[PDB]
Every structure is written in structure tokens, then in C-alpha cells.
Amino acid sequence: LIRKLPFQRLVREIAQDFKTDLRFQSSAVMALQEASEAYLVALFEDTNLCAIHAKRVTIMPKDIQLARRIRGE
Amino acid sequence: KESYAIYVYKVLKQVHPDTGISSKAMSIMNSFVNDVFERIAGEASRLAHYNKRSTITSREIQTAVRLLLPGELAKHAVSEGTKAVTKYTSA
Amino acid sequence: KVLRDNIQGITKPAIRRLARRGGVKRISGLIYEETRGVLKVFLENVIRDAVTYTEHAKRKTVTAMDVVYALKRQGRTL
Amino acid sequence: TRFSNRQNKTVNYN
Amino acid sequence: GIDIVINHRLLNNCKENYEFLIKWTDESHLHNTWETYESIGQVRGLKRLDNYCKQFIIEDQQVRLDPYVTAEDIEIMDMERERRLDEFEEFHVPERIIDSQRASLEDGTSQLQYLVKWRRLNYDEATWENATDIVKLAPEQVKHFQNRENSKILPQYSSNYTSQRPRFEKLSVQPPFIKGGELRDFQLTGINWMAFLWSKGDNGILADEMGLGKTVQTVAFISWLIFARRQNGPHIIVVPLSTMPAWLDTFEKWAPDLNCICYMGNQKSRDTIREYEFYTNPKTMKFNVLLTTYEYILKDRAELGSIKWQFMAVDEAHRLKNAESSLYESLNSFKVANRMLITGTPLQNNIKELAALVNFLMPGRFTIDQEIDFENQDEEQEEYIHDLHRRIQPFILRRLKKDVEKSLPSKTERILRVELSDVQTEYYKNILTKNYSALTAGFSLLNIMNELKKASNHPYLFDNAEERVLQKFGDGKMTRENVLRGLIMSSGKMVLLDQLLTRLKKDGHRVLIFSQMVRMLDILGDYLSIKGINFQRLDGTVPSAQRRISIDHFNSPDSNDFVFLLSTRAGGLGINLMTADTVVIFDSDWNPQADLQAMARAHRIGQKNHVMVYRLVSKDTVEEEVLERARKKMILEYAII
Amino acid sequence: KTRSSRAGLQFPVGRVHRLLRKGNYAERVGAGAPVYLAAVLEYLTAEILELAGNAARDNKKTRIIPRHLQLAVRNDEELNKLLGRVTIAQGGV
DNA sequence: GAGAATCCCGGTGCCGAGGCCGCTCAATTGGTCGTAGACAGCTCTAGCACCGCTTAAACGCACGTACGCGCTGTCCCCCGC
DNA sequence: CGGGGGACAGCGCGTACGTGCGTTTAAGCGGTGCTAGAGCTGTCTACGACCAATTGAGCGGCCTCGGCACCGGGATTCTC
Ligand SMILES: Nc1ncnc2c1ncn2[C@@H]1O[C@H](COP(=O)(O)OP(=O)(O)O)[C@@H](O)[C@H]1O
Ligand code: BEF
Ligand SMILES: [Mg+2]
């Protein structure tokens, strides 16, 4: 769903912050895509539950913050 | 290399020989097998240490699985383990 | 060529698709920047530990197995 | 032949 | 629906007053008419008129209001105008009729429409238009269409040959099928030797030198085998994109009566080609020969693989390097009675590539294997390479212009050793030294060779270098001339080549620039434009039509654009630039044969005069090592000869 | 006959018996434990594979694929709640 | 403004914390033996960078409506005693 | 049990979001080409494990003293 080239360029940027010189297996990039997609989708399902509890059709950033606090923190 | 795919194939043919399996699914089964194994083993070890025991036996695993596993799956699996070890020991 | 991809690479249509997969009906236009931040944090959390795994192997290259170790423990907690 | 012990809900996955 | 206007003629003034040469979504280019905003009213696609209104506004702004726009920029605008309008007029001339049908009109009458394709244009536009105009505008095209409808050169007219192969031997007569010129002994002997090889039954390689006639030779041979060997069943010619028009032009001059096609474009284009052009009564396929590019094979791999091909021909056949190439796979999923591989140099790099080629010709028939391989000197490998040489020699044709036609004047070739700038020295050191702060000042060390090589051609390939350079100049930013200086000073090669270019400018010499690096060819494009030079660029990004017409114009003798700038990967192959006397290379590749190909782009049957060739080599930097490895690769060529 | 076939089991009792040492889980291991372990391993995989086979069969596919596994895993609440933190690569929602 | 609740101050009890002493077990010291790890070298492959080409996706703008927000009024419940 | 406040519903208005359309842009795929490090193998030496003896500290029990908590009274502070 999410685009491997942008995604992996982001990944390498962040890695470059910690190490400053890396190599990556493409399988590692794939795994990071799968993980990030699954995590984000779960968080979306949560935040939607929040939005409907607040009787909105639109989700709001407040719903993201709340969901992340309650589940994640 | 040290992998179960042949055993997966055995039980696959034993459970649904009309179904093939993707290598991806096969690898997922291998990852799954390793995960459940390390889960039960790590628990049984720590239980044995708690019991001050240097040895692991059927009881430890039989207890650990009843701890890990959902209630139906537990007593079904427990019965399968006891049946199997009965056959093994009676042989 | 002035823009930088790390933020931009994750972009309105893909976020929309993720939301639709998440069953969301409608979204405020503000949401995307929250999620990018959250994504960065999530990504940042995992990759740091993958780096340290790679350090303990003293290897330059990061494998999917290192990712699996970091993602295994971190994912279960989160 | 590897029979299943549990009695569980029937599912349609199609 | 609305389609976007050819031309405009006489902001609210712009909207009310003016008139535009519309086109419509279902009507061919000849249905263009002058229309006005209120006369059309609201119609589907009016945003195109809005776009053209915006364009016309900015045209007025650039042509008339901006005081800076120089006279030569107005002349370039007039060129853009007249060149595009002439190309619209070419879209207003048919190129092909595909089929004919009579259809009922709303008046209850009926009319005979010809499915018409148009010049510079393809089967996305092509549509049924009443023959009443076709018959008067291009009766030649009507005649050719009536020929192409009826050639009986079609798959159903030929058998499964492989069971039998009659002999052939060399001949000394001009091919009678050919309208396009006059073969000499070498082209004819091409025809002869290919016919003999076919008559052994075999698949062959043509490697007489680059630009020496292969295209005309191969069309003459395919014509011979169609006529002589009744090879009426489809032949597939796979061609590098840029040369597909020239191959067409070859047919359109050398055997214009043949029923052959080029296969390209969007799925709609390719579908309409398949159904209308290929299929009869959907199957049997109307064409005798299909041109394709490599990727358009993959675009229809199994579909075209369903045809019983009688002949495969392959330009730049080193495009097939190894068995695992997706192309090599697809071409061996295809089945064919004959294969012929064309390249003015038979191997780029290594014995394994030639092994894969000969396996593609005759799989497993040649005992060529790593167990004897190219140790730089070895009696056993040198014996076996001469054994392979004599084994292959019946199956390769090779000559130089030195053999073929001493009339063709030779090439000067020279290396231009040049010093680093201070900027070059700094950055190169800052790659030899590992300075993450220097990277942070303008960011990866993960390929040091590439970083230092591209730096070594130009530090402006790091974007912060232009800022920090022109700011340490301080005046550099301030004016075009100060920018020009602050740029050109930054590499010694740039200074030298600027001197040489100024000399050629005084000479009136016509010159080709080549590089591996598209960003460098951009920096050089900007340098040329700020220097006020007239030139064209070519690289793999420009689509077919603009690149084609760019080549055509530059080959036109009146072309004031005296410089052509080219990528190697796209521009170095297949093309003839006979208007250019001189060639320069900023950087050799790992592979020498690519450089020989670039040279061939100048060096051709059509070259009028002795050519001159220069290589810009930085002093004490890795390219010398690259050059020595490329020379070792050339030693492999010298060993196989 | 081999320990597995003696138990009727279709898994490498010798491997896991070795692995119980190789993983340091205990310096001693009792002979039934690897057998009992193998029995429950076989049972567990059979239950999931049966559901996944239905999933492939229902999707008219012979190939069991991550989608079919994921669909099975999420349909049983017990497996799903057992596997609530397991994530299936290329297993869609 | 008045009353109720909260805080501060002082005394006393009660127990726990802190210290001391003696004994036992663990920790330390020294020696022996082997294997695991470290080091070095070689070969293989996968990872990195860039170009060529197609096409689909993404972006930007305009148009429309629907949803969200705020306001108002009524009613029930929960809070407080 | 009584009273007051919050909750809920309905209505109006404006803006934001969604959809359509066209054009631009970068991804996706294939190929080019090379080098680095990945992994494997072999060898040697250091380090820990094991065993034995000795010594000192820690643990356990007991005693004494001080700190903390609770209770009562008065003054301060908040709330209606
Ligand atoms: N038989 C011929 N007579 C005259 N000119 C020729 C002949 N063959 C080729 N040429 C010239 O060569 C040019 C084509 O180069 P070509 O040989 O087709 O490249 P290649 O064969 O290397 O692909 C044409 O412009 C044409 O003028
Ligand atoms: F293919 Be030729 F050398 F132009
Ligand atoms: Mg050619």
C-alpha cells in the first residue's frame, strides 16, 4: 500500500542519524513496511472508534492523541 | 536448514492434502512453530527454576501448556500429550 | 530541487488508503501531520534497536533477522 | 487424518 | 468533446476577443476549425481552452511585455511556434490507412471511411475518416494501403522449414528488391554471407563495423529471404527505441512496398494495432514484419510469442548479455526458424557474454565454458580462444572501414590530461579523508568510487557547492557573467573545453558532447545557454517525437545549433550525426565498446570529413585505472580476432 | 522403531530433545518431555492448518497462502487472542 | 458575613530501626587443563548507484454539499444531606 | 428527598472535505557495473572452569533509643 522507494529513503535517513553509515537487506525494508502498515492500520481502527464515540464522521487529531495515549502509553 | 517444512508437508498432507502451501506460508508456519516452542520452553524452564528443579519433565510442560494455552486447546492438547506419551512409554 | 522526501514520501493519497483500510469514513485535513510524526516515532523506536543489534554483530549491514528481533519485543510491548 | 479434537464454529472464508 | 487547439488568433479581452483553431475528441486533425468562446459555449474539456488561454496570456507576456527577453529568445519562440505548427500540419497529413468500411449516417445515407493513421502520430489518434479527403491528399498512401491490404506476405503462406535447408553461396549482384540506394561489395557480401549461413540452417552474427550499412543490409537480406526463401511468415525486428524511425525510414526508402509495422505506445495504441493491424477476421496477421523495442516485447510477451515467427533480428544485440536477462528469457520463450544478431562489436566485456550469444544462436553446440577462460596470458586459454575463433569464424561477419571503404576518412583520437581545480582537490581529498562535517556542509559514503568520480567531473554535483563557491566569490551570484566564470573555473576540464569550444566556435566546427552523467549534461546545457550557444540535448528522458525531430534538425545542414550534447546510455547508440566533425567524451565508462559506439555515432557511411575525438582525463585520478581496465577488455577483443 | 514413530508423532523428537539442551532451558530433560512437547506441537499446527485449508478451499485455491492463514487465525477468537500480537507478513486485514 | 472544614502545634506511646556479637558459610586464592574464541585469509554475492522507459499515481484547482459546531430549551438524575 | 445542573435534541450556518479533471512527476522495472563485507575455515593462545584451602564478612539474634503517628485544641480559609 505504501511506496517502497519513499519509505526506504526515509528509513535510511533515520538510520543515517544513528549510525551515519549503513547497508540494508531489502527484506529488512519489506519487514519495516509490513510492521508500519499493520501498526498504522490498528491505530486508525482505534482512532475511528474514538471518533464515532465522539459522534463525528471525521476523525480528529485529538482522537489520534487520545488513542495513542490510552493504548500506546 | 534446521527447518520443519518437511514435517509441515507431512501434517499438511495429513490434514489437507488437497491444499498446497506458498513458501511464504510455509515460512510463517516455521516462524510460528519456533515462536510457540520458545514460549512453552522458556516458561517451563522458569517454572522449573522456581521449583528449584534442574530437570524438566512431562508435568512441567503439561503445567506450562495449561498456563499458556486457551482452555479448550489446553485440555485437548493435554489429552493429546498424555495419550502420546502413554503410547511412547507403553511401547 | 528543494523538498526532502522523508516527510513527503508519506503522502495524502497513501494515508487516505491506509485510513480506508482502517475503515475510516472521513478525515480532518490536519490528521496527516500527526500520523507522520507518530510514524517517525514508531519507526525511530524500532530502528535504533536494530542498529544496536547490528553493532553487537559488529557488521555494517542490517539484516531482516535483526529487524525481527527489534520488532518482535517492541511490537509485543506496543 | 490428523483429526481435530476441538468442536468449533464453522466458517466460510470464500 | 474538446481537444486542444492548433493555433490562436483574434484578461477579459483575451476571453472575449480571440479565436482558436480547435480540435475535437472524435475528429481527426484535419477536422480543425477556427472557433470562439461564445460560439462553442460550455463544452466538455473547456479547461483545455482555459489552459491555452493561460498559455496565450503568458505568451503575450513573454513575447511582448517582458523587456529583458532577447531577440534570439524571440527567435527561439518563433521557432517553437513554426516548428510545432508545421508538426500539426504533419498531423494534418495521413501516413497510413489501416482498413476501409462503409457506414450509415444519420441522414440514412452511407459513406466509405478509411481508418487513417497520421504522420508523426500513431493509432491512438487514427480513426475512420471519409476517404473523400484521403484520396486527394495522399493517393500515394491510398496506393500503398491497397498494396498493404494485399501483399499475401502473411503467416499462412509459409511452412515449417526446419526439416530442410538448401545451400547458398556468395553472389556479386545488386539486390533487385531495393529502391533505397546502392549496395557496395561489402553490403552485398553481408547479404551473401547471411544467406549462406541461413543455408547451412544457422543463426548468425553481423559485426562489420558500426554505421557500416547493417540496417540497409539487414533489410536487403530480409527482403531476399522473403522473396528468395518465401519467408512470408512474420519476422520480428527488435530495435533500440531511438532508431525505430530510421529502421522504418529504411523500409520506407529501401523496400517501401513491404507490409511492415512498428509496435509501440499505450495499451490502447497496442490493442488497436493488434486488432486492426495484426488481426484478420478475429487469427492471421496482416503484416510481414514487426518492429518492436525490447520492452514492448515484455509488454506482450505471450501474445507475440503465440505467433510462429520465421525470423528474429536484433539490433545492438549486446543488449542480450546473459541468459538470465528478462529479454533473453522472453526471446527463448519465443520460437523462431532463424536468428540474426547485429552489432558492430560482438562482445563488450567477457567471454561469458559471447558464450551466451552463441548459445542463443545454437544452444549448447559450442564447447565454450569457464573451464578454459581468459587468463591474461595462458597457452591453454590462448590455444582455446584461437580454437573458438576458428570454430565461430564461419558464423561471424566482421570488417572495418579500413577494409571496407578507404574513402571514409579516419578519426583523430586523443586524451586530454587536465588538472584538478582547488574545488576538485578539496572535494576529492574530502572523499579520501572521511569528513562527515564536509558531507554535512555538502551526505553518503556508501559508494566512494561514484562519489569521487562524479565530484572529479564536477563539484556542482553537490548542490551546496554552487552556493558556497559563488558566495566565496561573492560577485559570482551577482551577474550572469560572474556566474559563468564561477562555474567554468571550478573544473580544469571545463576551462580547457571552454577554450576548445571557443576555438571551434571561431572555426565553425560541429561537435558532439558525451557524458555518462545526466546532471553534468544539465550543467553543461546551462553553461551553453548562458554562453549563448545554439545546441540540442539528447538523453533517455526526451520522448520519441521531440528526440527524433531534434536529431533531424541537427542533421539538417542549416541547423545553427552547432553543438549536440548527448548521454551515452541513450545517445551513444545507433544514431548517425553526420553534421558533426568532432566528438568529446567527459568520462569513459568501464566498457570501451560503448565509447567505440559513441564514436560510431559520428563515424559512419555518411561522415563527409575526417573526424577528431578527445577524452577529458583528470590528472592522477581513477579514470586512468578505468581506462586501463577498459583497455584490458579491448585486449580480449584483440585476442578473439 | 524411532521415538516419533513409537509415539506415532510426525516431528523430530531427537531435534527438540537436543534443542532442549541446546537452548539451556535445563541441564536435565526427562524423556517424556520432548515427546509430550512434540505431541502438542503436532496438535496445535493441525488445528490452524485445518482452518487455513478451509480458507484456501473456500477461496477456491489449492495453495494455502498468508491471506488464508491470516483469515483462519483471525476467525478463531482463541487462536486470534492467542496470536493477538503475531503479525502476518502479506496477511491482509 | 458566617459557618464549616482544614491546618498547625504539642504531648505521649509504641514499635521499629540501628548497632553489636559470634558463628558458619561463602568468598578468595592458587593451580591445572582444554576449548572456545579470536585472528587471518579467501571467495563469493549481494548491496549500492545510475540510466531508460512506461505508465500510473499524485498534485492542484474548482465546485458542491454535508457535516460539524454552537445555541437554546427541556427533563431527568445524582448529588448532597 | 429535593433541587439544580448537566445532558440531550433540534435547528441554522458556514466551512471544509470530497469529488472530478487535467497535467505533471516520480515510482517500478530492468540493466550496468563494482566493491565491500559476509561468511567460512584454520590455527593458536588465553581464560575460565574446576578443585582445594583458608579467612573474613555477612547473617541472625538481641537490645536500646529515637522517630513517627495519633489525638486534642485553636486559628485560618474557603464556600455559600
Ligand atoms: N548501400 C548504401 N548506400 C548508400 N548509403 C548507405 C548504404 N547503407 C548505409 N548507408 C548510409 O548509412 C546510414 C545508415 O547507417 P546504418 O549502416 O544503417 O547503421 P547500422 O547499419 O550500423 O545500424 C544511412 O544514413 C545511409 O545514408
Ligand atoms: F548500429 Be550501427 F553501428 F549504427
Ligand atoms: Mg543498428
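Given the conditions (1) crowded, with 16+ Cβ neighbours inside 10 Å; (2) over 27 Å from C:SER28 (Cα atoms); (3) not aromatic (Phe, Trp, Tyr), which single one is not true for A:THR47?
Of (1) crowded, with 16+ Cβ neighbours inside 10 Å; (2) over 27 Å from C:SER28 (Cα atoms); (3) not aromatic (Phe, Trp, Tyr), only one is false for A:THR47: (2).
What's the number of the condition E:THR293 fails, among (1) polar (S, T, N, Q); (2) closer than 20 Å to E:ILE222 by Cα; (3) away from DNA strand H (no atom under 15 Å from the Cβ)?
(3)
Do you know which residues across region B:15-28 are closer than 21 Å to D:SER4 by Cβ and at the interface with chain F (Cβ under 7 Å from one of its Cβ atoms)? I'd like the intermediate steps shown before the answer.
Applying the first criterion (closer than 21 Å to D:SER4 by Cβ) to region B:15-28 yields B:15-21, B:25-26, B:28.
Across region B:15-28, the qualifying residues are B:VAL15, B:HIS16, B:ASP18, B:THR19, B:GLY20, B:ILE21, B:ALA25, B:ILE28.
Residues are listed down the side, and each one gets a yes or a no for (1) within 16 Å of DNA strand G (Cβ to nearest atom); (2) more than 17 Å from E:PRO245 (Cβ to Cβ); (3) surrounded by fewer than 21 Cβ atoms within 10 Å (Cβ to Cβ); (4) away from chain C (no Cβ under 14 Å):
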residue: E:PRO543; (1), (2), (3), (4): yes, no, yes, yes
residue: E:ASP552; (1), (2), (3), (4): no, no, yes, yes
residue: E:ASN560; (1), (2), (3), (4): no, yes, yes, yes
residue: E:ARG569; (1), (2), (3), (4): yes, yes, yes, yes
residue: E:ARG601; (1), (2), (3), (4): yes, no, no, yes
residue: E:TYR614; (1), (2), (3), (4): no, yes, yes, yes
residue: E:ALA630; (1), (2), (3), (4): no, yes, yes, yes
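Across region E:221-271, what is the total count of residues that are among the acidic types (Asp, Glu) and either in contact with a strand residue (DSSP E or B) (Cβ under 6 Å, 6 or more places away or on another chain) or within 16 Å of ligand 2 (Cβ to nearest atom) (or both)? Before you say what the answer is, go through the steps one by one.
Narrowing region E:221-271 to residues among the acidic types (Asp, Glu): E:249, E:252, E:257, E:271.
With either in contact with a strand residue (DSSP E or B) (Cβ under 6 Å, 6 or more places away or on another chain) or within 16 Å of ligand 2 (Cβ to nearest atom) (or both) added as a condition, the list becomes E:249.
The total comes to 1.
Hey, any hits in region F:23-34 for a residue that's at the interface with chain B (Cβ under 8 Å from one of its Cβ atoms), under 21 Å from B:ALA91 (Cβ atoms) and assigned to a helix (DSSP H, G or I)?
Checked region F:23-34: at least one residue is at the interface with chain B (Cβ under 8 Å from one of its Cβ atoms), under 21 Å from B:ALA91 (Cβ atoms) and assigned to a helix (DSSP H, G or I).
I'd like the residue in region E:381-408 that is loosely packed, with under 11 Cβ neighbours inside 10 Å and not polar (S, T, N, Q) and, out of all such residues, is nearest to E:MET340 (Cα to Cα).
Step by step, filter region E:381-408, then rank; the result is E:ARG390.
Any idea which of (1) within 34 Å of the chain's Cα centre (by Cα); (2) surrounded by fewer than 19 Cβ atoms within 10 Å (Cβ to Cβ) is the one E:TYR460 doesn't satisfy?
Going through (1) within 34 Å of the chain's Cα centre (by Cα); (2) surrounded by fewer than 19 Cβ atoms within 10 Å (Cβ to Cβ) one by one, E:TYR460 breaks only (2).
For region E:263-284, give me the residue count where each residue is under 15 Å from E:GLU125 (Cα atoms), more than 16 Å from DNA strand H (Cβ to nearest atom) and loosely packed, with under 11 Cβ neighbours inside 10 Å.
Residues that pass the stated criteria total 0.
With the structure loaded, tell me whether E:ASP526 is assigned to a loop (DSSP other than H, G, I, E, B) and more than 26 Å from E:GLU209 (Cβ to Cβ) or whether it fails that test. Spell out the reasoning first.
Numbers: assigned to a loop (DSSP other than H, G, I, E, B): no; more than 26 Å from E:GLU209 (Cβ to Cβ): yes.
No.
Among the residues of region E:368-380, are any away from DNA strand G (no atom under 16 Å from the Cβ) and either touching a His at 6+ places or on another chain (Cβ under 9 Å) or over 30 Å from E:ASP595 (Cβ atoms) (or both)?
So the first thing to find is which residues in region E:368-380 are away from DNA strand G (no atom under 16 Å from the Cβ), and the list is E:368, E:372, E:376-380.
Applying the additional criterion that residues be either touching a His at 6+ places or on another chain (Cβ under 9 Å) or over 30 Å from E:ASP595 (Cβ atoms) (or both) yields E:379-380.
Yes, some residue in region E:368-380 is away from DNA strand G (no atom under 16 Å from the Cβ) and either touching a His at 6+ places or on another chain (Cβ under 9 Å) or over 30 Å from E:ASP595 (Cβ atoms) (or both).
A quick yes/no check of all residues on (1) within 16 Å of ligand 3 (Cβ to nearest atom); (2) surrounded by fewer than 18 Cβ atoms within 10 Å (Cβ to Cβ); (3) of a type in the set (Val, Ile, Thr); (4) farther than 22 Å from C:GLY9 by Cβ:
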site: A:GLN8; (1), (2), (3), (4): no, no, no, no
site: A:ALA15; (1), (2), (3), (4): no, no, no, no
site: A:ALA54; (1), (2), (3), (4): no, yes, no, yes
site: A:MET60; (1), (2), (3), (4): no, no, no, yes
site: A:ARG71; (1), (2), (3), (4): no, yes, no, yes
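Whether any residue in region F:58-81 is acidic (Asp, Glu), surrounded by 22 or more Cβ atoms within 10 Å (Cβ to Cβ) and at the interface with chain B (Cβ under 7 Å from one of its Cβ atoms) is what I want to check. Before you say what the answer is, go through the steps one by one.
From region F:58-81, those acidic (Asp, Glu) are F:58, F:76-78; that's our starting set.
Checking the rest, the ones that are also surrounded by 22 or more Cβ atoms within 10 Å (Cβ to Cβ) come to none.
Checked against the condition, which is being acidic (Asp, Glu), surrounded by 22 or more Cβ atoms within 10 Å (Cβ to Cβ) and at the interface with chain B (Cβ under 7 Å from one of its Cβ atoms), region F:58-81 yields no hits at all.
Please verify whether F:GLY92 is more than 8 Å from chain B (Cβ to nearest Cβ) and either closer than 22 Å to B:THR63 by Cα or of a type outside the set (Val, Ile, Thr) (or both), treating the condition exactly as stated.
On the way: more than 8 Å from chain B (Cβ to nearest Cβ): yes; either closer than 22 Å to B:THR63 by Cα or of a type outside the set (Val, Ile, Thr) (or both): yes.
Yes, satisfied.
Filter the helices (runs of 4 or more DSSP H) completely within chain B down to those with at least 3 residues that are more than 19 Å from F:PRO12 (Cβ to Cβ) and more than 15 Å from the chain's Cα centre (by Cα). Let's see the steps before the verdict.
On the way: elements: B:5-15, B:23-50, B:58-68, B:71-90.
Where helices (runs of 4 or more DSSP H) fall fully within chain B and carry at least 3 residues being more than 19 Å from F:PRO12 (Cβ to Cβ) and more than 15 Å from the chain's Cα centre (by Cα), they are B:23-50, B:71-90.
Residue-by-condition table, conditions (1) under 22 Å from E:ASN288 (Cα atoms); (2) surrounded by fewer than 24 Cβ atoms within 10 Å (Cβ to Cβ); (3) β-branched (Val, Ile, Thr); (4) in contact with a strand residue (DSSP E or B) (Cβ under 8 Å, 6 or more places away or on another chain):
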{"site": "E:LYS179", "(1), (2), (3), (4)": "yes, yes, no, no"}
{"site": "E:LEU188", "(1), (2), (3), (4)": "no, yes, no, no"}
{"site": "E:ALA195", "(1), (2), (3), (4)": "yes, yes, no, no"}
{"site": "E:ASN203", "(1), (2), (3), (4)": "yes, yes, no, yes"}
{"site": "E:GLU209", "(1), (2), (3), (4)": "no, yes, no, no"}
{"site": "E:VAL219", "(1), (2), (3), (4)": "yes, no, yes, no"}
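Do the conditions hold for C:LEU18, that is, is it at the interface with another protein chain (Cβ under 7 Å from one of its Cβ atoms), part of a helix (DSSP H, G or I) and over 20 Å from A:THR58 (Cβ atoms)? Explain how you work it out, then say what you get.
Numbers: at the interface with another protein chain (Cβ under 7 Å from one of its Cβ atoms): yes; part of a helix (DSSP H, G or I): yes; over 20 Å from A:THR58 (Cβ atoms): no.
For C:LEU18, the condition - at the interface with another protein chain (Cβ under 7 Å from one of its Cβ atoms), part of a helix (DSSP H, G or I) and over 20 Å from A:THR58 (Cβ atoms) - is not met.
Looking at region E:221-255, which of its residues are farther than 13 Å from E:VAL289 by Cβ, within 22 Å of the chain's Cα centre (by Cα) and away from DNA strand H (no atom under 16 Å from the Cβ)?
Of everything in region E:221-255, those that are farther than 13 Å from E:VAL289 by Cβ, within 22 Å of the chain's Cα centre (by Cα) and away from DNA strand H (no atom under 16 Å from the Cβ) turn out to be E:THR243, E:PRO245, E:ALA246, E:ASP249, E:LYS253.
When residues of region E:230-262 are filtered for being under 23 Å from E:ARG319 (Cα atoms), surrounded by fewer than 19 Cβ atoms within 10 Å (Cβ to Cβ) and more than 15 Å from ligand 3 (Cβ to nearest atom), how many remain?
Selection size over region E:230-262: 0.
Condition first: facing chain C (nearest Cβ under 7 Å) and more than 10 Å from DNA strand H (Cβ to nearest atom). Now tell me which residues in region A:12-36 satisfy that.
A:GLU13, A:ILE14, A:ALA15, A:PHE18, A:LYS19, A:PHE24, A:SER27, A:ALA28, A:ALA31, A:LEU32, A:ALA35, A:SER36 - these are the residues of region A:12-36 that are facing chain C (nearest Cβ under 7 Å) and more than 10 Å from DNA strand H (Cβ to nearest atom).
So how many residues does region E:467-491 have that are surrounded by fewer than 20 Cβ atoms within 10 Å (Cβ to Cβ) and either within 20 Å of E:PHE514 (Cβ to Cβ) or acidic (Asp, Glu) (or both)?
Going through region E:467-491 one residue at a time, the tally reaches 4.
Don't worry about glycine lacking a Cβ; one is built from the backbone with ideal geometry, like all the others, and counts go over all protein chains shown. Taken together, the values in this text are just the output of simple stated rules run on the coordinates, not laboratory data.
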